[PDB]
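Single chain ahead, by itself, as structure tokens, in the form deposited in one PDB entry.
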């Protein structure tokens, strides 16, 4: 039984890997991809999502929506377009760009071209899916969560029928872009704060706690090559170059011998949650902090001290680690998908 889902993301090298996993996994039935602002503008993340789909021969099959350009109440941190940063550095996209098929979203919306795309386009599609869902509809989110916050402001009564599985936050280790907070939260902390208060069933499936243990080592690289290079050496090198585009920065700035892979871990949670530990708690997102906005603050310590003197209700599930065998299961899943993509590319 396949699980219908939507992907909300900001590709982004990590997000590209997540899309690949979600789309090629037979267990996930991707209905649409919506893109958000991030390190680059939402127009660039839109193009990068479509680049990903076209590379894997699915750009004619999956509608892609271009979402909101900035946070709810804060400024974008996106580079100016005059920096000339694609957001998917490391490879030449010129062939993928020029062979790009028509976006199926355009026909859904009755638009003639992509210049008509508006941030709230995805709303009606998501509402159809939420309404049709027997229990809850599954959204995988691996960038800022502005798009989902905007949706819930327009459709508050849908919150109770949405399940979110995200790459976001840090709990028992420190942050990345800021001392104690993670990029996806700190770029729009009000958005995640809204979502947690809305009635959404929210899982922090892939915080830094987990993703910093999911490292692209030499062993992983050789496993990738073994699975892909017999079928498409060109795809092999593309995927390696993308995985290692920020390897120097991770090493020199962040002390990483081998770089982490974040976003696909969230999709893996929807595919195979048995590999993850889970704990329910109350998560407060810092919004007032001058230096600490986006911190994910929990009552986990108070639960381990004095369980039934706890005031605030649980509003989230947090996955703090993978179980034994979980890392191997994750890499086997990713390698399988990359192998299948390699076969289709040829």
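We call the rigid core whatever largest set of C-alpha positions still superposes within 1.5 Å between the two forms. Residue numbers count along the first chain shown, from 1.
Among other deposited entries of this protein with both flanking residues present, none omit coordinates for residue 38; it is modelled throughout, well short of a third. Of the other compared PDB entries of this protein that include residues on both sides, all give residue 286 atoms, none of them, and so not a third, leaving it without. A summary of the deposited B-factors shows that, of 300-308 and 36-44, the stretch with the larger mean C-alpha value is 300-308. The PDB entry records a higher mean C-alpha B factor for 248-256 than for its counterpart among 248-256 and 140-148. Looking only at 163, 212, 269, 234, the residue with the top Cα B factor in the deposited structure is 234. Per the deposited record, 96 carries the highest C-alpha B-factor of all listed residues (96, 192, 187, 129). Residue 208 sits in the lowest third of its chain by CA B factor, as recorded in the PDB entry.
When the modelled residues of the chain are ordered by C-alpha B-factor, residue 27 sits in the highest third. In the PDB entry, residue 57 places in the highest third of its chain by CA B-factor. Per the deposited record, the Cα B-factor of residue 80 falls in the middle third when ranked against the other modelled residues of its chain. When all modelled residues of the chain are sorted by CA temperature factor, residue 226 is found within the highest third.
One more form of this protein, deposited in another entry, exists but is not displayed; see below.
In the overlay on the core between the shown form and the other one, a shift of 2 Å or more in CA position is seen for a single residue of 174, 272, 79, 226, which is 79.
The two forms, fitted on the rigid core, differ between the shown form and the other one by less than 2 Å at the CA of residue 160.
With the core held fixed, residue 251 shows a CA shift of 2 Å or greater between the shown form and the other one. Compared with the form shown, the residue 80-residue 115 C-alpha separation increases in the other entry, the change being 3 Å or greater. Distance between the C-alpha atoms of residue 103 and residue 81: longer in the other entry than here (change of 3 Å or more).
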